[PDB]
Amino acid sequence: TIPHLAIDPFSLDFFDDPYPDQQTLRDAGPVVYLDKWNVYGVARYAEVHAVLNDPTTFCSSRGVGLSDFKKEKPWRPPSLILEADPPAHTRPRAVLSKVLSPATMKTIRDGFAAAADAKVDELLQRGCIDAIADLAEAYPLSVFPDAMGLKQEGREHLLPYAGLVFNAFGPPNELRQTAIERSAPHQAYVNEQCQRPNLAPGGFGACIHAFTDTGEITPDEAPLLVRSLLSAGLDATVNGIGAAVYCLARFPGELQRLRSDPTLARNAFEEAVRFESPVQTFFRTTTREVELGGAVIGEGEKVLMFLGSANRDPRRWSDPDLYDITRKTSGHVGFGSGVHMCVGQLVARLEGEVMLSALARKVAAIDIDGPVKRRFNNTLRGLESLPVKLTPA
């Protein structure tokens, strides 16, 4: 049978320390039922990977939040890529894959690297930073909106709106109702910024629009894809970088290894993505009755995937609670898995790689310099404040 648990994965206590409850979720069985929200849940690597790699049984077109779009009206027009299934998902997926492709990385790498190095040097002209306010947020705010091709102003909308989106994937708790209620202004700005005239060419958004004459996407779809990049392209990377700095502070041996060989920077970042999993959870909806882990789930049921749990499953990872910058990270689900696997993962890995490389070449020590404060969000895991003293190299 399926065990029934009262754990609330969208409660502040859970956000404050999810790992005990995540173990309870893994050990209760391959498939659990969360009575708090009447949803099924999967927290082991095996089942998370199985669900992710069966997107037509466990579909996304009925929403990847708790809300089932077949039963409730979406708070915003459904995402044409995240909240779509094959075949509708194809050509937007391919378009964003070409926009955020290797070649585009070739076009943005030097700028991103210069911005990273420059921020690290600016903060060595500081010493005692809040690694969130001064580094994790500042850098992606200083590079990503430009890479999107957004006008200089209104970029401030980006952090709110993104956050809003991620709070909206959660249940109707006070975080979600907090986010959605009267968020109109952001919704306005974003809507206006997704239009071709307001996006500087050569940026990601203008390239999306540019692809509208190829027959993969139509002109009415481009603004929603620009919206997608503007919603998923900032806060996740912020929390990811904050996670990387956090780990390097908590595992000084790993910082020393990284300094010794800056070429591990990329894998360092990847390990942080596994270790903290900035995107903690995502939902699917069953399109039919389906058997998973010896249990049977009815049609039209929400299934909650615990990505961070899958990334700390001792059934899959040796020493899962240890940050190891030489760990082989292939197979982790911090970026998802399958047809929906993060189409912008090269951008995230670029930002994190160049930031951790800057730290590696320019910083000798990172020692937490105050109270660590967590940032609470229905979907995202990250830090509100990470006070550290940076000792230069």
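Note that residue numbering begins at 1 and tracks the sequence as displayed.
Higher average CA B factor: 188-196, of the stretches 188-196 and 283-291.
Of the two segments, 209-217 and 143-151, the one listed with the higher mean B-factor is 143-151 (C-alpha atoms only). Note on the listed residues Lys302, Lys71, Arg76, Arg93: the highest Cα temperature factor in the record is that of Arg76. Out of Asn311, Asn239, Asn267, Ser231, the entry records its largest CA B-factor for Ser231. In the PDB entry, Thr178 places in the highest third of its chain by CA B-factor.
Per the PDB record, residue ranking by Cα B-factor puts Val347 in the lowest third of the chain.
In the deposited entry, the Cα temperature factor of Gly382 places it in the middle third of its chain's modelled residues.
Per-chain ranking of the deposited C-alpha B factor places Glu353 in the lowest third. The deposited CA B-factor of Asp27 belongs to the lowest third of values across its chain.
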